[PDB]
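Here is the structure we will look at, set down as structure tokens.
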Amino acid sequence: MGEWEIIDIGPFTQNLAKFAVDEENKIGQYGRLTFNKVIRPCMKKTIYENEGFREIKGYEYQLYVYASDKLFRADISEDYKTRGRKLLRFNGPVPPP
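Residue numbers (the entry's author numbering): 1 to 97.
Here you go:
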């Protein structure tokens, strides 16, 4: 759209949260913890062409799922072409505020 904006609640924020756990388990990349919680609320944005060689890669959803005892920074990027979900969860980690 232009800048950051609010994240959709209901079958969307939860869907993303589940996607994280599900897909992470399906691959086995780092190893998800155990249904802890999320800070809430969370926020979305549109990634720009940041040396990306393409005008608008898509949307991004930035969320801070609490796990173990850290706000693991967990993001997802979408594909502007359609509406894919590229696993960008489980990064940082981020310490608590």
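Think of the CB as a built atom: it goes at the ideal place given N, C-alpha and C, for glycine as much as any other residue.
Residue j beta carbon less than 8 Å from that of residue i
i     : j     : result
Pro96 : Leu71 : yes
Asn50 : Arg73 : no
Sheet register partners of residue i (DSSP bridge)
i     : result
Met43 : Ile6, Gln62
Close Cβ partners of residue i (< 7 Å) along its chain, the five nearest in sequence each way excluded
i     : result
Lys37 : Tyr66
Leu88 : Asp75, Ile76, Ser77
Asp8  : none
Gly84 : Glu78
Pairwise C-alpha distance: residue j and residue i
i     : j     : result
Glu24 : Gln14 : 15 Å
8 Å CB neighbourhood of residue i in its chain, flanking five on each side removed
i     : result
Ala17 : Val38, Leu63, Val65
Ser68 : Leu33, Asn36
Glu60 : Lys44, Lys45, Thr46, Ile47, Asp75, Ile76, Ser77, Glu78, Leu88
Cβ shell of residue i (< 6 Å), same chain only, five flanking positions each side left out
i     : result
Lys86 : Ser77
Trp4  : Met43, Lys45
Segment contact, 8 Å Cβ cut-off, at least three pairs: the segment 72 to 80 with the segment 39 to 57: yes
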